[PDB]
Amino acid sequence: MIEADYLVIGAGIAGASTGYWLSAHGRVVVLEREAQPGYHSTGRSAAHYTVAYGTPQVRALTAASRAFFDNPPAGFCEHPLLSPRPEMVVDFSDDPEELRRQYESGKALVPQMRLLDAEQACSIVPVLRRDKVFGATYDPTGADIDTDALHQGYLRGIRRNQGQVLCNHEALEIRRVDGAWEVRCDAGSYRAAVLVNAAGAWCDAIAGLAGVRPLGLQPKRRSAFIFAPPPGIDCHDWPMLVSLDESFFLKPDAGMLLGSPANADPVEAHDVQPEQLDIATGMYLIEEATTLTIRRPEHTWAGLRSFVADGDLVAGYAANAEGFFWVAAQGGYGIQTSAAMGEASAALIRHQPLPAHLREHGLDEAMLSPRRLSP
């Protein structure tokens, strides 16, 4: 039996970021089912940072994370966590009212957002089919995230603060015993006053083991693939390209191109595989919008983006289940919100107010709380 101050289930970006901030204040033990910590959604993302994306709460958490990403503590990482990658959202269907709505809402949050005409969009990504382009928004502040450096920075930080990150430690039974949570794994048992449920698509499964009413979390499959660009064109500086209805996205990645149909097909929590239909649809949509020819993709995969009803993230104690803390519903935003989520969740776990720099971005405890959800 191992005793901790904070017992975290899940070592993805959610558990790693929360554990990182908690580890300055007490003993953190993170239990991870897989042999490695980033095998599920945290290892499967498009690795992009976009402020004007998601609900208002998501946008606030994303904006509030930028300070840490651009200036992490000494020793956190060897190289920058972000690299410049503007986002261009292109209207391919002739919907000027929607284009203007997105421009105005994005510009209110990102003053440098621009409205482009068709020629300006085609200048930036020359493979766009000019006949299909009706304008675009352009966000000069988008960035690519070095997700492995970020994730490993969080995990190493836990260990440097005398915490533990224990892989091959699936939580199998969870019980509140004598004022603390006790978790049984095949490889040992663990006890702590606080159980941090950071289990990704499995958060409601963890609540089920504990007898705690679940959130209603819905995992949703998104597939993606990498393909070769034509050898005679330099796409390495292209922005992240998205269609106005998020029917697809396309971004450069290590001399290749990363594409996706940006799907959200509801599925159960599992080790999700790409569906051939997902890949075919993404290929079709990119070829409809651009002059690219996509041969058989070099690599395809899928991951889970998990949401509650309102599309917002969840960080808070469960009502009437003392010490059970949700860090859940990261949706399509878990990487880009992770610094603010980790800092906010650690403060709330410790029953402290949210730090000033988070409240100034317009975050409060209530809009993170799970109590907002079910009747």
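Position 1 is the first residue in the sequence shown; the rest follow in order.
The PDB entry reports B-factors from which the mean C-alpha value can be compared for 365-373 and 4-12; the larger average falls on 365-373. Stretches 282-290 and 89-97 differ in mean C-alpha B factor, with the higher average recorded for 89-97. The residue among 146, 237, 139, 131 whose C-alpha carries the highest B-factor in the deposited model is 131. Note on the listed residues 219, 303, 84, 73: the highest Cα temperature factor in the record is that of 73. Sort the chain's modelled residues by C-alpha temperature factor and residue 78 lands in the highest third, per the entry. When the modelled residues of the chain are ordered by C-alpha B-factor, residue 157 sits in the middle third. The entry lists a Cα temperature factor for residue 352 that places it in the highest third of the chain's modelled residues.
Annotation for residue 342: C-alpha temperature factor in the lowest third relative to the rest of the modelled chain, per the entry. Per-chain ranking of the deposited C-alpha B factor places residue 53 in the highest third.
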